[PDB]
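Structure first, then comments.
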Amino acid sequence: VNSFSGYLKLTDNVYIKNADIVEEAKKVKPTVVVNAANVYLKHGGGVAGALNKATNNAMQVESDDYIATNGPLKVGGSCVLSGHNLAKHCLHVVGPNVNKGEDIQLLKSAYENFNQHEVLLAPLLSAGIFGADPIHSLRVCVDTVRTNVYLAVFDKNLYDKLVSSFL
Ligand SMILES: O=C(O)Cc1c[nH]c2ccc(Br)cc12
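This is how it looks when you write it as structure tokens:
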């Protein structure tokens, strides 16, 4: 048993809810929250900007030190950093950004990072301002992630569309 509430069950291991991932993280304090990161860990907008704002910018301070030491992530890659006040850990995962012209085929590689963690709270990778089709992102998630993933979908109309189209 775990502390996630009100999720619709999609598969053996994938669950979904219409929720603000910031508010969900604050309530659950999961072991792992996933950030929809970029390779520079520049958290100004979207989930990255919302998560970072909820940490009072401590996520961005930590991330700038990580980049100064290690250099940028790869598209499809990830790193584990602090979860600050939201979670034990934050898994920063870089899905391809279609609006920057990155290869959508890297989405599967991005989701494979989730398999290193038994349970995660996560957004859909490469959807929203990332420019990929969220229906596609959900299909890649279910076909790639084998660990238990709790997906938070911010947009109510998109949540309803994802559930009603899910195969
Ligand atoms: O949860 C959503 O509504 C869509 C979504 C999934 N991933 C996202 C990343 C950024 C932004 Br902005 C939105 C998204």
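So the sequence shown is numbered by the UniProt record's numbering: it starts at 1025 and just counts up by one. Here a beta-carbon is modelled for each residue, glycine too, at the ideal position from N, C-alpha and C.
Residue i versus residue j - alpha carbon distance
i, j, result
"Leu1149", "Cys1103", "15 Å"
"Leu1186", "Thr1035", "14 Å"
"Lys1050", "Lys1124", "31 Å"
"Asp1184", "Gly1095", "39 Å"
"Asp1179", "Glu1047", "14 Å"
"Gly1107", "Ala1061", "14 Å"
"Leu1144", "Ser1188", "23 Å"
When the options are compared against residue i, the one with the closest alpha-carbon
i, options, result
"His1067", "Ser1029, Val1099, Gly1030, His1116", "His1116"
"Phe1138", "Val1057, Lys1041, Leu1032, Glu1047", "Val1057"
"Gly1101", "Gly1119, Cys1114, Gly1030", "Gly1119"
"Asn1059", "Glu1126, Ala1074, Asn1042", "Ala1074"
"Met1083", "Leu1097, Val1099, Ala1111", "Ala1111"
Identity of the residues DSSP links to residue i by a beta bridge
i, result
"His1116", "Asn1059, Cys1103"
"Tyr1039", "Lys1033, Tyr1174"
Residue i Cβ short of 8 Å to ligand 1 heavy atom set
i, result
"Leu1148", "yes"
"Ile1153", "yes"
Residue i beta carbon near ligand 2 (any heavy atom closer than 8 Å)
i, result
"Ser1027", "Within the structure as shown, ligand 2 is missing, the only ligands being ligand 1."
Return the chain-ordered ranges of every beta strand (DSSP E) run that is complete within the region 1103-1172 and spans a minimum of 3 residues.
Whole beta strand (DSSP E) segments, 3+ residues: 1113-1117, 1143-1146.
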